[PDB]
Amino acid sequence: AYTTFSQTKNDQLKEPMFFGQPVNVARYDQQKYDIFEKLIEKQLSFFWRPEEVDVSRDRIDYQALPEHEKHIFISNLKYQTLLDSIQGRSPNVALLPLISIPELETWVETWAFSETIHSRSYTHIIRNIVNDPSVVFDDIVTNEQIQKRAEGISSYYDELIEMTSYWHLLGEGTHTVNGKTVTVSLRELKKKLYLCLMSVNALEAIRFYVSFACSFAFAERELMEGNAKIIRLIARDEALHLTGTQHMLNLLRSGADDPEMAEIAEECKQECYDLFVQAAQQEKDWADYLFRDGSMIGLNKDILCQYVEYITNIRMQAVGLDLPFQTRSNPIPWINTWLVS
Amino acid sequence: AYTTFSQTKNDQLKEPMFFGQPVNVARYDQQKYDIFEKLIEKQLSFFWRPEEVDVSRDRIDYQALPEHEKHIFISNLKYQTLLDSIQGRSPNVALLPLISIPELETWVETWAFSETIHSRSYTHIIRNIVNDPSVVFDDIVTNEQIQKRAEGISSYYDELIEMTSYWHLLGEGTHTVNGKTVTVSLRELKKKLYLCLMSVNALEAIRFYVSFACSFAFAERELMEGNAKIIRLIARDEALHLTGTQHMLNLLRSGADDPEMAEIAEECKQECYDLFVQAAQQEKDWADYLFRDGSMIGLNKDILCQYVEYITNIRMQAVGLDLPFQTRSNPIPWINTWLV
Ligand SMILES: [Hg+2]
Ligand SMILES: [Hg+2]
Ligand SMILES: [Hg+2]
Ligand SMILES: [Hg+2]
Ligand SMILES: [Hg+2]
Ligand SMILES: [Hg+2]
Ligand SMILES: [Hg+2]
Ligand SMILES: [Hg+2]
Ligand SMILES: [Hg+2]
Ligand SMILES: [Hg+2]
Ligand SMILES: [Hg+2]
Ligand SMILES: [Hg+2]
Ligand SMILES: [Hg+2]
Ligand SMILES: [Mn+2]
Ligand SMILES: [Mn+2]
Ligand SMILES: [Mn+2]
Ligand SMILES: [Mn+2]
């Protein structure tokens with residue numbers, strides 16, 4: 001029931017962000033929510049090319065690293081690579097079929113495109129630091145600890161996509177498919193979208209930021225500086241991406257965009273809270289493992305657990321959730337040097 | 001049965017372009033087909049921002065045009081806006097879910113993104129040459145002649161998306177859905193994808209080029225030069241887009257990718273031919289509306305018809321199809337100045 005060009009003339013300023021009439025004309029002279037047009041403009045202004053960053057000294061730095069620090073560095077880079085592989089395709093496959101205002105549709109396609117640049121930059125780094133990149137890329141898919149740390153991200157997107165297909169094909173109701181009852185509920189689909197957007201917010205606003213702490217701890221020691229320059233550009237984009245999901249989530253919960261969505265958000269406040277705490281716990285578990293063969297220099301599992309708690313509290317407060325952790329000031333203020341946002 | 005991160009460690013150099021295992025890791029150190037990596041690199045090198053193009057003199061030029069020339073200019077621009085609105089979202093909703101090699105997945109997302117830039121450029125032109133952009137944008141949706149010229153584009157993509165959802169949800173076989181028998185055939189889905197790609201090839205290689213000729217006819221008169229700079233940048237991107245679809249199609253026909261696709265391309269060759277003939281006739285039919293209020297020196301229905309036949313023959317030959325039209329030299333050689 002989805003269409004690439006809805007033939008009904010509609011007022012795009014009055015449609016909800018999601019589940020309304022599919023967007024027909026792509027226009028940018030007006031918007032329901034100007035934050036999305038501002039984000040498109042900023043992201044276009046930040047366009048960068050990975051190939052332009054010099055990573056020629058990173059190979060020697062990496063080879064000089066102690067084995068446990070090589071492990072920390074490459075494990076962290078593999079996780080960044082996994083997250084951006086998912087983020088280049090997923091916002092497009094999962095959200096585009098559900099968006100009903102043009103500025104949000106183009107923001108999603110712009111956001112997803114920017115993630116493909118991030119994926120291209122990891123290839124540029126990897127190719128310049130190991131003789132055979134396949135060694136690194138082939139360990140991402142079945143790497144035990146990576147799977148563990150990112151567990152559940154692909155499932156939230158996959159479940160939302162499956163439910164969306166059933167809704168577009170069959171519509172609301174109680175259906176049968178090959179002898180089994182299949183219930184399609186718009187309310188349940190709205191809940192799946194909300195929890196998925198909350199997960200994306202945790203992904204870009206907490207999972208990536210923990211990864212930036214690792215990358216920039218090397219930059220502080222003047223090591224892996226090509227990687228550092230790339231991660232700096234990636235973090236500048238991720239700040240926009242987190243800004244977009246925070247606004248989506250706050251507009252949905254306030255009730256100003258879709259009243260039903262506001263009721264749904266309040267109804268799963270406890271679920272949302274526990275999923276954020278679970279994301280935090282997975283990052284802690286990763287840090288504990290990664291810093292087992294030996295803590296790095298300027299970073300260790302305890303400093304990293306503290307940073308995870310610090311940033312989780314900030315991000316949860318930004319979308320109206322209670323704080324799960326003791327409040328403290330930033331345990332690694334030096335990181336602000338690198339987060340030019 | 002679609003997944004955003006397939007858990008099987010697979011050799012991406014051995015998957016088919018479409019219908020294999022969904023791509024898991026996005027890597028660019030190797031490619032089954034380097035042409036798509038080259039296309040990503042070239043499109044990225046062409047990155048441009050519409051708003052930076054100076055269109056301040058176009059408002060003066062546009063208001064100075066006789067009424068019928070305003071009609072020709074704006075009718076063409078509304079069609080370009082329709083096509084790019086569809087092309088910004090459609091490759092991502094219709095093709096992305098079926099791609100199984102990383103270089104083609106990223107090419108498709110890069111290509112779709114580049115179309116959103118084209119749409120943004122039309123907003124930049126429109127808001128700067130007319131007082132109420134809404135009248136222009138709303139007319140795109142409701143305009144009977146515009147929709148007539150584009151008929152079949154959205155429908156093809158929509159049918160492909162529907163069939164794809166049934167395949168991902170139910171898998172191959174004959175099913176019972178709410179008491180109706182629903183057949184999901186992967187071979188039929190491959191045919192739908194294949195013909196959708198041929199239709200996209202016609203869209204970027206013919207329909208957009210006829211629109212470029214209309215735009216540039218004003219630039220030849222030394223008017224609407226801001227629009228001309230933008231259309232020049234857009235045409236440079238479209239050349240890459242049609243290169244992409246010609247290569248997808250010709251690789252599928254070669255038998256070097258999925259062998260079933262090579263069988264399909266041969267078996268469905270009359271349908272390929274027919275959809276090009278139909279698109280050409282739609283572009284010709286549009287002339288009656290375009291020139292309803294009068295034509296222009298060097299731009300009228302006859303000239304448009306000749307150009308449609310000329311470019312259609314060129315594009316059909318490029319993907320191995322017989323030529324429907326009498327061969328002719330280019331009726332508007334002045335367009336080469338603008339296309340580079
Ligand atoms: Hg999501
Ligand atoms: Hg999600
Ligand atoms: Hg880390
Ligand atoms: Hg580190
Ligand atoms: Hg929730
Ligand atoms: Hg919530
Ligand atoms: Hg949550
Ligand atoms: Hg912690
Ligand atoms: Hg297509
Ligand atoms: Hg198509
Ligand atoms: Hg023309
Ligand atoms: Hg064919
Ligand atoms: Hg003709
Ligand atoms: Mn990213
Ligand atoms: Mn991101
Ligand atoms: Mn275009
Ligand atoms: Mn195009």
# chains A, B, ... in the order shown; residues from 1 in each chain; ligands from 1
>>> closest_atom_pairs(of="chain A", to="ligand 8", cutoff="9 Å", atoms="only C-alpha atoms and all ligand atoms", output="Markdown table")
| residue | atom | partner | partner_atom_place_in_ligand_line | distance |
| --- | --- | --- | --- | --- |
| A:280 | CA | ligand 8 | 1 (Hg) | 6.7 |
| A:281 | CA | ligand 8 | 1 (Hg) | 6.4 |
| A:283 | CA | ligand 8 | 1 (Hg) | 7.7 |
| A:284 | CA | ligand 8 | 1 (Hg) | 5.0 |
| A:285 | CA | ligand 8 | 1 (Hg) | 8.3 |
| A:301 | CA | ligand 8 | 1 (Hg) | 8.6 |
| A:302 | CA | ligand 8 | 1 (Hg) | 7.6 |
| A:303 | CA | ligand 8 | 1 (Hg) | 8.8 |
| A:304 | CA | ligand 8 | 1 (Hg) | 7.1 |
| A:305 | CA | ligand 8 | 1 (Hg) | 3.4 |
| A:306 | CA | ligand 8 | 1 (Hg) | 5.5 |
| A:307 | CA | ligand 8 | 1 (Hg) | 7.3 |
| A:308 | CA | ligand 8 | 1 (Hg) | 5.5 |
| A:309 | CA | ligand 8 | 1 (Hg) | 5.3 |
| A:310 | CA | ligand 8 | 1 (Hg) | 8.7 |
| A:325 | CA | ligand 8 | 1 (Hg) | 8.7 |
>>> residues_around(residues="residue A:97", least_positions_apart="3", cutoff="9 Å", atoms="only C-alpha atoms", output="PyMOL selection string")
(chain A and resi 2-4+19+22+92-94+100+161+164) or (chain B and resi 93)
>>> write_last_selection(atoms="C-alpha atoms", output="compact mmCIF listing (two decimals), in the first residue's frame")
# COMPACT_ATOMS: atom_id res chain seq x y z
CA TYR A 2 3.16 2.01 -0.24
CA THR A 3 3.68 4.15 -3.38
CA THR A 4 6.72 6.00 -4.76
CA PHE A 19 2.54 6.83 8.79
CA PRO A 22 3.81 8.77 1.36
CA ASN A 92 16.77 4.03 4.19
CA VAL A 93 15.28 0.53 4.20
CA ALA A 94 13.51 0.94 7.59
CA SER A 100 5.25 11.33 5.27
CA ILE A 161 10.82 -3.73 8.43
CA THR A 164 5.96 -2.55 7.95
CA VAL B 93 13.11 1.71 -1.50
>>> atom_distance(atom1="atom CA of residue B:18", atom2="atom CA of residue B:252")
9.9 Å
>>> residues_near_ligand(ligand="ligand 10", cutoff="12 Å", atoms="only C-alpha atoms and all ligand atoms", output="number ranges by chain")
A: 4; B: 83, 86-87, 89-95, 150-161, 191-204, 245, 275
>>> interface_residues(of="chain B", to="chain A", cutoff="6 Å", atoms="only C-alpha atoms", output="ChimeraX atom specification")
/B:3-5,9,25-26,28,85,123,141,154,158,165,176-178
>>> closest_residue(among="B:239, B:74, B:99, B:316", to="ligand 16", atoms="only C-alpha atoms and all ligand atoms")
B:239
>>> residues_around(residues="residue B:319", least_positions_apart="5", cutoff="8 Å", atoms="only C-alpha atoms", output="PDB file with N, CA and C atoms, in the first residue's frame")
ATOM      1  N   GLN B 246      23.169   1.048 -17.639  1.00  0.00           N
ATOM      2  CA  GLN B 246      23.630   0.318 -18.838  1.00  0.00           C
ATOM      3  C   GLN B 246      24.563  -0.805 -18.410  1.00  0.00           C
ATOM      4  N   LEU B 249      22.586  -3.682 -16.634  1.00  0.00           N
ATOM      5  CA  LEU B 249      21.824  -4.432 -17.644  1.00  0.00           C
ATOM      6  C   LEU B 249      22.726  -5.287 -18.526  1.00  0.00           C
ATOM      7  N   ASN B 250      23.813  -4.682 -19.005  1.00  0.00           N
ATOM      8  CA  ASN B 250      24.698  -5.429 -19.891  1.00  0.00           C
ATOM      9  C   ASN B 250      25.459  -6.527 -19.154  1.00  0.00           C
TER      10      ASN B 250
END
>>> atom_distance(atom1="atom CA of residue B:265", atom2="atom CA of residue B:15")
18.8 Å
>>> closest_residue(among="B:80, B:12, B:329, B:45", to="ligand 17", atoms="only C-alpha atoms and all ligand atoms")
B:80
>>> closest_atom_pairs(of="chain B", to="ligand 16", cutoff="8 Å", atoms="only C-alpha atoms and all ligand atoms", output="Markdown table")
| residue | atom | partner | partner_atom_place_in_ligand_line | distance |
| --- | --- | --- | --- | --- |
| B:80 | CA | ligand 16 | 1 (Mn) | 7.8 |
| B:83 | CA | ligand 16 | 1 (Mn) | 7.3 |
| B:84 | CA | ligand 16 | 1 (Mn) | 4.9 |
| B:87 | CA | ligand 16 | 1 (Mn) | 6.7 |
| B:88 | CA | ligand 16 | 1 (Mn) | 7.7 |
| B:114 | CA | ligand 16 | 1 (Mn) | 6.9 |
| B:115 | CA | ligand 16 | 1 (Mn) | 4.4 |
| B:116 | CA | ligand 16 | 1 (Mn) | 7.6 |
| B:117 | CA | ligand 16 | 1 (Mn) | 8.0 |
| B:118 | CA | ligand 16 | 1 (Mn) | 5.3 |
| B:119 | CA | ligand 16 | 1 (Mn) | 7.5 |
| B:204 | CA | ligand 16 | 1 (Mn) | 7.6 |
| B:208 | CA | ligand 16 | 1 (Mn) | 7.9 |
| B:234 | CA | ligand 16 | 1 (Mn) | 6.2 |
| B:235 | CA | ligand 16 | 1 (Mn) | 7.8 |
| B:237 | CA | ligand 16 | 1 (Mn) | 7.1 |
| B:238 | CA | ligand 16 | 1 (Mn) | 6.0 |
>>> closest_residue(among="A:21, A:207, A:202, A:189", to="residue A:286", atoms="only C-alpha atoms")
A:207
>>> atom_distance(atom1="atom CA of residue A:319", atom2="atom CA of residue A:249")
6.8 Å
>>> residues_around(residues="stretch 263-267 of chain A", least_positions_apart="2", cutoff="7 Å", atoms="only C-alpha atoms", output="PDB file with C-alpha atoms, in the first residue's frame")
ATOM      1  CA  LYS A 191       5.579   1.243  19.118  1.00  0.00           C
ATOM      2  CA  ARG A 253       6.597  12.094  22.701  1.00  0.00           C
ATOM      3  CA  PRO A 259      -1.218  12.083  19.758  1.00  0.00           C
ATOM      4  CA  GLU A 260      -1.196   8.319  19.600  1.00  0.00           C
ATOM      5  CA  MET A 261       2.589   8.309  19.454  1.00  0.00           C
ATOM      6  CA  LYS A 269       8.943   4.528  29.298  1.00  0.00           C
TER       7      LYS A 269
END
>>> select_by_dssp(residues="stretch 107-330 of chain B", states="helix (DSSP H, G or I)", output="ChimeraX atom specification")
/B:107-129,133-142,144-150,153-170,186-220,225-254,259-267,269-285,287-290,301-318
>>> select_by_dssp(residues="stretch 76-280 of chain B", states="strand (DSSP E)", output="list in words")
residues 173, 174, 175, 176, 177, 180, 181, 182, 183 and 184 of chain B
>>> write_last_selection(atoms="N, CA and C atoms", output="PDB file, in the first residue's frame")
ATOM      1  N   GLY B 173       6.967 -19.987  -3.367  1.00  0.00           N
ATOM      2  CA  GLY B 173       5.945 -21.002  -3.228  1.00  0.00           C
ATOM      3  C   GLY B 173       4.587 -20.477  -3.547  1.00  0.00           C
ATOM      4  N   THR B 174       3.559 -21.293  -3.294  1.00  0.00           N
ATOM      5  CA  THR B 174       2.201 -20.825  -3.556  1.00  0.00           C
ATOM      6  C   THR B 174       1.561 -20.797  -2.178  1.00  0.00           C
ATOM      7  N   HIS B 175       1.021 -19.623  -1.813  1.00  0.00           N
ATOM      8  CA  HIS B 175       0.530 -19.408  -0.454  1.00  0.00           C
ATOM      9  C   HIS B 175      -0.937 -19.112  -0.370  1.00  0.00           C
ATOM     10  N   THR B 176      -1.504 -19.125   0.845  1.00  0.00           N
ATOM     11  CA  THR B 176      -2.928 -18.771   1.047  1.00  0.00           C
ATOM     12  C   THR B 176      -2.964 -17.594   1.991  1.00  0.00           C
ATOM     13  N   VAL B 177      -3.333 -16.429   1.471  1.00  0.00           N
ATOM     14  CA  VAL B 177      -3.302 -15.180   2.259  1.00  0.00           C
ATOM     15  C   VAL B 177      -4.730 -14.658   2.264  1.00  0.00           C
ATOM     16  N   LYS B 180      -6.905 -16.196  -0.277  1.00  0.00           N
ATOM     17  CA  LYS B 180      -6.573 -16.018  -1.703  1.00  0.00           C
ATOM     18  C   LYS B 180      -5.262 -16.728  -1.960  1.00  0.00           C
ATOM     19  N   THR B 181      -5.117 -17.300  -3.147  1.00  0.00           N
ATOM     20  CA  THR B 181      -3.886 -18.015  -3.468  1.00  0.00           C
ATOM     21  C   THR B 181      -2.937 -16.976  -4.047  1.00  0.00           C
ATOM     22  N   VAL B 182      -1.767 -16.872  -3.429  1.00  0.00           N
ATOM     23  CA  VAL B 182      -0.746 -15.899  -3.814  1.00  0.00           C
ATOM     24  C   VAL B 182       0.500 -16.639  -4.227  1.00  0.00           C
ATOM     25  N   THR B 183       0.906 -16.476  -5.485  1.00  0.00           N
ATOM     26  CA  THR B 183       2.118 -17.146  -5.936  1.00  0.00           C
ATOM     27  C   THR B 183       3.336 -16.224  -5.812  1.00  0.00           C
ATOM     28  N   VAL B 184       4.389 -16.722  -5.175  1.00  0.00           N
ATOM     29  CA  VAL B 184       5.629 -15.946  -5.064  1.00  0.00           C
ATOM     30  C   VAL B 184       6.667 -16.760  -5.839  1.00  0.00           C
TER      31      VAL B 184
END
>>> residues_near_ligand(ligand="ligand 13", cutoff="7 Å", atoms="only C-alpha atoms and all ligand atoms", output="list in words")
residues 302, 305, 306 and 309 of chain B
>>> residues_near_ligand(ligand="ligand 3", cutoff="8 Å", atoms="only C-alpha atoms and all ligand atoms", output="NGL selection string")
:A and (72 or 76 or 210-215 or 286-287 or 290 or 304)
>>> residues_around(residues="residue B:122", least_positions_apart="5", cutoff="9 Å", atoms="only C-alpha atoms", output="NGL selection string")
(:A and (27)) or (:B and (50 or 77-78 or 80-81 or 117 or 127 or 227 or 230))
>>> closest_atom_pairs(of="chain A", to="ligand 15", cutoff="6 Å", atoms="only C-alpha atoms and all ligand atoms", output="CSV")
residue,atom,partner,partner_atom_place_in_ligand_line,distance
A:115,CA,ligand 15,1 (Mn),5.9
A:204,CA,ligand 15,1 (Mn),5.4
A:238,CA,ligand 15,1 (Mn),4.5
A:241,CA,ligand 15,1 (Mn),5.2
